[PDB]
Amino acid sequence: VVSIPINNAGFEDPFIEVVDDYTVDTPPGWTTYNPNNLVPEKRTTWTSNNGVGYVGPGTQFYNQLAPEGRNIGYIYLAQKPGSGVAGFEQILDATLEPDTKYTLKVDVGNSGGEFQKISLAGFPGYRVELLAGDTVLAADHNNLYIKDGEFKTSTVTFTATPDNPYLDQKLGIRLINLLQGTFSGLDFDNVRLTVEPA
């Protein structure tokens, strides 16, 4: 298996010392996908936000450690369901090539438990996107059922043919909070993109 490198693919940057502590700024190496302007430029704990969080022993949110390393990346949206979507985006240096099969995998987390006496029960729905340029080549729109406190792996594959219109455009990844339910937060971890001849 041959990987395409991704920056901060496991959200391990930055290091977080205290269990369940978190940042509220875009993880290094990623940008905030914000097509509906739901996430402000300047965040608090309680605005719509995204960032990184440490899942270790003593976590109140999960029934297992982080899928990879210490940290997961989270997206929280405070607007009512139906208001739009937001998430993580990363554009890669690798470009779409013909007769090549791409396999994107990411672990999707449904945080459970309670935060400042607010229940995290429920899930907003997720979408995992593989891009060339601004085009979604293939995407998993919420196909996995993920219970509170658990993670499941989403897998998206795509084969580009010689006649594909998007050849030579940069590959990208989006990890999206759909805001289709409450509690309206979800987590991602361990992003992997691998490539093989068709």
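The numbering used is simple: start at 1 and walk along the sequence shown.
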Item checked: Stretch with the higher entry mean CA B-factor, where the candidates are 156 to 164 and 169 to 177 -> 156 to 164
Check: C-alpha B factor of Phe123, ranked within the chain: lowest, middle or highest third?
Finding: middle
Check: Is the Cα B-factor recorded for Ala198 in the lowest, middle or highest third of its chain?
Finding: highest
Item checked: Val39 - which third its CA temperature factor falls in, relative to the rest of the chain -> highest
Checklist line | Within-chain third of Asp134 by Cα B-factor, per the entry | finding: highest
Item checked: Third of chain Cα B-factors occupied by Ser83 -> middle
